[PDB]
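Here is the structure we will look at, set down as structure tokens.
Residue numbers (the deposited numbering), protein chains in the order written: chain A, 440 to 1011, 1026 to 1170; chain B, 1 to 232; chain C, 2 to 226; chain D, 443 to 1129; chain E, 1220 to 1281; chain F, 28 to 50; chain G, 28 to 108.
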């Protein structure tokens, strides 16, 4: 639902309202009906309500970064002149409430209304199409309200007490309604730990097995729980039959719950459940006592001592500069490290001194909003500020914003503040330009086939195996392994296959291969999809927003372009690195590569650097010439030691990175082949987006790299 | 003042002892004013009967396990706290429950004195082991709302008696919410939705009627001051 | 722990402020009844107020009257503070004529039979030698707050100036409860309601109007289905 | 918009224009703060749009020499001794010395307390230096900030971003009907209001002979009289109301240079950009969720945030090819009911309330017979109305406008009034609307804390204090520690101390926290006004001490704790809120971003003649632009039919739009889209 | 060439389009957006577009 | 007091530093 | 196994995706059946060969899109891809 003003809906639905005014004989003809709508006769308000009934509208907020920037809603006539927006869709629109407007579009044709009702409805688009993780979830006040009641307090009133002496066990309630009554009188706290007999919540799969196991828990069967009343009230929100969760509801926990709900439970259940979560979160955020005051901003206890120790070290470095023992360029770096360590010590003095009842800590630690760096700047010290040059000033801002900056401290802070605001416009400009380039390069990439039947795929590193025997989960599972489809049966040490070919890698199906010992999977990719123009659905995989296999006809290219271009607002590598990769430029790094596998011949000096390679089979020596300003990459030598700095005698493979930097993709192609250069571009872009906190599935990057290598040149006619 | 007409009360029955009531439409914003009062009046001001304290034979100082039954003391107290009972006598009344041999004890196996009535004779209470015997005394009183066990410390004799929480209120769980309902053109009028789950002692309709009578008397204490005007 | 009937007694602080004590109430019940009485008091107590005014030398609000220090908008603002009561429950006209020099106050108004001004000392305007003020005030009876009725919806002509009507006669309502949490057989709450009015009606009359309103409203639950 | 905006305007220093630079020719180096801008150009007050850094504001004490450079004053230090001799230095002249910070510990004679003091040096170096090296020092702590920036209390506790936004939004404040000076001030409001020029200051000393709403006469000592005329309900440019009101009374001795009457956003001579509102910092049922604002309906009932706005409407009667347009009450095919508010000339009468669509000036223009539609000529024949060769071109009220007609101005060529050649008459109508605060209107404080009104609860729904007084505004707590604008919190605390008053324990000496406070601060009456100068003013120790000795109310009870929080009652349920909430008074301004102007909607309307697409902007009754990115969104959804509908029948399909309108009014289905006219134009241009 | 001239370097594309005498097969998202046809994606592809819906033979009495 | 030169209302300042030169 | 769908969420979008192969196809199904229903309402008073009326019982003043969506939900229509 969305709330729109009556005066807006009257003009938006003007011809429909005229038609209905002439039908119910409120107006003689259509002409006088138009005059009635223009004069706002009191009848129209009763007619307008009948008109907008179940007629969806489209809400849009510029900039339209991704497809969720326009969503369909059911309009509700509300008084006033402002549009009422649902709090959960604020994340998709990136819409705060500080004076920004939205546009409303009214679909007329039956096809357009159907596309709004089915394709663009806000309830049918809970997940992010870029990453598959939910967006319409508790985010600010809601996560705090849920984090409140799902907290265990050791000394809270009404807490369970073991039977001792003449009194039996204290704090064991027969029904959750009895616990509610006890909390109403004032004996029990909502966050106190107690034992409750539950009868309408499925126990955890751990304890459900020992209690029943043979048959599933039934609505009506009882079982004891050691939770809090608030945790039971939270477990009442999510649908019946979901396993009880006795955790503390952090934002990560709620996100995991909603992701599991989207995977297993249907769509309407997820929508209604998140509505329940919204209501409960607001209710309990109102009563969570979250408030900011000057008393709650605690200053570090050892502030003077820490700053005096580091002032001592800074004065010693200044005296070492007075005698000329330190270069002027080195004094700044020395003082920079001194004050960085000082700021770290002050932050550590803040973490331990602040209790967990303090609201400023509760806001940050519950995943609501804000960093602890902001809290340190608030209560501890601003730290090293940057001048318009870029390097940190050798003198930091020792005062905190609670204490009050001095005149010169404020003046030197304004430099970094203003330049940070200034470069943001240009960075957004380049981001949007790259986004539109990506849109045009992949606008016509559509899913036109169900399965192109090619057994080709690519190997994905599911996990790594540690030397002791334990398997460590690879960090790239989320973006490269999940939501994929198999192109080769997964075989462990036994002859049995764990997951068949062509099965969507769900959440438990990844643990199936993880617990089987196999650590590499061959999956179908949009890179290897051999189709004339578009791509097939089987190579593409699971639609991150739909949670199922992609439908035939979905413009996955534009979705990929938007998925890459939406987070491009925040970068430092950086954004020029992304442009270097997508434009196939000769990079700034210009790192060399091993054209032929063999033996290394390091002929290093100081005037320059030269390195030859004796081919492992036939061939002749290949001589290179490189500047001594670079350094060799620690190549995973055949010795199984990854930190083997490339010295002469190492056994490097074909297409192996020699020195650090960025290898020329143009040269990677003419060495290892199109497949490998595609993989290189994919994960090289993924590194830039991963080093910033953005999770984009490799699928969308592969969609673009597929369009980069669709053409070949002609050598002989 | 001015007249405000057509507020109606409609009932939807979920179960035999749980109903939703809608009061619609109410002037902005009377639903918030009366909803909390109606909930508290249901949950706190309906007379009922409940168990005040119990005393189990063989339990004098352990209050940990009872010999011959599978359930410990606290589980017996929990299922006895859910026993629904009504009494016509205002003074406390003592009932006894005795059963020997293996088998199952139910609320129907209790012998109720004249005046009191057990409304769930099929409620499980305890499982009796081989050659097992269970003798327990139950004190039943009349009250309103919910009173903790600690205040019942005086009603237990210094001889194995353990006070229990008393659920005097015949209603178990009541919630409410207010929505918007447009009567004519403005969409500010309030629609109150009450959800009441009670015990088999009385139906939700009678509980709501009792809360209404009590609240009419309560605000009539203020109405008896001047008897002035106000639109209906 | 058996029912004793609750009693309501009144204590007078000033001529327009009274405290009411209601005891005994069930534990937890006092806050809810205080809030219901407060919410009914602040919004649904009948009162009288000025609907529109009419000054001879002016046509709209955004002008001035020769000889007076306040413009028309400031005069209307000072008239918004007027407390008045009416027995007619129908529109009735009050008149005000004053020649300068001097000060025009709410006591210089001549109220027709049935209506009465309760603060004759309220400043309205300052008139110099060349000042003359002639004003007609339409007073109606209602409840709550209604904005100034438009001239397109009303039949009033151009010379009439509508004003916002603040009908509510109560000024400030609060409450506090004293709970007896002594772990014994007798727990009970005592509610203390504090009602301050604007000399239009006494606090007990306002509480009585709220009581009739709530008795009538809560009678809806008593009727069966 | 308000006097401060005009003053700031007159004190702007822009880099754009002839001889300067182009906006496309301005890198990130011309825009950022330079160390020579200290005490000359403000490093805070600057727009955050595309003109960031290119437009600054002159510092307070700064001045311009005849050469063109900006000089700033400094106190000359002889031999480590501060002297009252003040000299203005230029940029390079300042670089040839070293200057000490304004807040330096100084002996009563003038010698610096510490040998090493924070000192600024050329190339923007900040370091300690011996006391025998200081050549000059700053005049005032606020020497580096602008006038608007110097008006932010506790500015030293706000980050530069939100400080920039607060200074920029102070200039967007709307003059309210009545004005309240802020409880927590800085001292700059008085001089800002006086130097702005929107008040009335007495030129010569004397007594008030006659005071009226129209003018004020001052009888001087020599015997002469000077009369100042009040500007009443004047359309103040950007549509705001510039209204002056006398302050003095009859027979009041007034000195020269004293404010005898103040105008918009002024209270007793001080800048009153907003109102003092009782604020509570707590989330409330999600209606204040992320930067939304909950207001008490009292602010609507008592006109606390009500503002007057005036619009100018203009029309002219010219000479056409078939005659001359005439302004007349006789309009073809219009009832006597729509023309009822017009005088005998066809002009709306003064005092009439006009909604949107009402006629303001009745003008008819003669249309030729050869310009008639076949249907229009048949319709003229089937009604027998001959001699109607004129069509209606009256001046009507635009959509979204409504108010009282307050002024009419008529200029006639017949009456010697010089109009442009070809114009016979000209009418201007002034319409005044009284805008109360509404849901969606943008409020903001002085610390860059902005937000729209998400809900206006009834006065009983508001969380009220112990004595029953409900709060006026509810601000979400989550949007406080991110922005690093703790000033609004401090302003809150001090705010409450100003509303209640305080009394420091005088027995057993002066306490250790109030040792630095002036003796005038040890006692305060309720509703007292205070000053917190920028980079000076109240410290957190004195504020914490003041919160501990706040004066009780009329009942003798202290409502807020020494922590600054108070116990609140939920006005909807009645149960008190479980934890104490920070409650105080904050100065809130009504910004000139109201939903009454920003709401817009269009079914059909005018189309651009060349491209046949709907017009743009609200004033032209245009539609919204479905841009390129929105088309990408549609394509990503796969909504082919919606996109085609948007780009054809709903935009530039000449025949498709009319048939769609007919199909809607007929109840039929939506027809098939045609070919866009813009594509035809593209082909004709390629040709 | 119609999809390219609307992206970048309009004159540089139009010159080479007129010299090589290129004919554009109007089958693409951008082209159909420009000319007003249904985009060949989503509900615009021929698989979903040309579909006939008919009720099952079961019908009411009236 | 703050700004005691034109005849303004008496706004009391938390000033610890004197103002040597007026605006 | 869910709360009653209110407003535009009825019929549930999950069950509607069962009688159909994809979201995009359900769009066309519903739209074409809605055009049929609208033509029935506009050709009820005149002419023969009018499109098949509402298969299910229509609510008062119910949009043809909603009626078509419910008829799709009740397995009363066919298709031709």
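Just so you know, even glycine gets a beta-carbon here, dropped at the ideal spot from N, CA and C.
DSSP-derived helix/strand/coil call for residue i
{"i": "residue 941/D", "result": "helix"}
{"i": "residue 1130/D", "result": "Nothing in the structure corresponds to residue 1130/D, since chain D is present only between 443 and 1129."}
{"i": "residue 36/C", "result": "helix"}
{"i": "residue 1027/D", "result": "strand"}
{"i": "residue 207/C", "result": "helix"}
{"i": "residue 896/A", "result": "coil"}
{"i": "residue 976/D", "result": "coil"}
{"i": "residue 828/D", "result": "coil"}
Bounding residues of the alpha helix (DSSP H) (the contiguous stretch that carries residue i)
{"i": "residue 1029/A", "result": "1028–1035"}
{"i": "residue 79/C", "result": "73–81"}
Length of the line joining the Cα atoms of residue i and residue j
{"i": "residue 828/D", "j": "residue 559/A", "result": "55 angstroms"}
{"i": "residue 37/C", "j": "residue 17/C", "result": "21 angstroms"}
{"i": "residue 703/D", "j": "residue 686/D", "result": "7 angstroms"}
{"i": "residue 1015/A", "j": "residue 1246/E", "result": "Since chain A is numbered 1011 and then 1026, with no step between, residue 1015/A has no place in the structure shown."}
{"i": "residue 981/A", "j": "residue 1107/D", "result": "44 angstroms"}
{"i": "residue 945/D", "j": "residue 988/D", "result": "8 angstroms"}
{"i": "residue 875/D", "j": "residue 912/D", "result": "29 angstroms"}
{"i": "residue 129/C", "j": "residue 642/D", "result": "20 angstroms"}
{"i": "residue 822/D", "j": "residue 816/D", "result": "10 angstroms"}
Contact check, residue i vs residue j, beta carbons under 9 angstroms
{"i": "residue 480/D", "j": "residue 536/D", "result": "yes"}
{"i": "residue 793/A", "j": "residue 690/A", "result": "no"}
{"i": "residue 757/D", "j": "residue 781/D", "result": "no"}
{"i": "residue 147/C", "j": "residue 55/C", "result": "no"}
{"i": "residue 848/A", "j": "residue 828/A", "result": "no"}
N-terminal and C-terminal residue of the beta strand (DSSP E) that residue i is part of
{"i": "residue 456/A", "result": "Looking at the DSSP string, residue 456/A is not in any beta strand (DSSP E); the run it does join, the alpha helix (DSSP H), is 453–462."}
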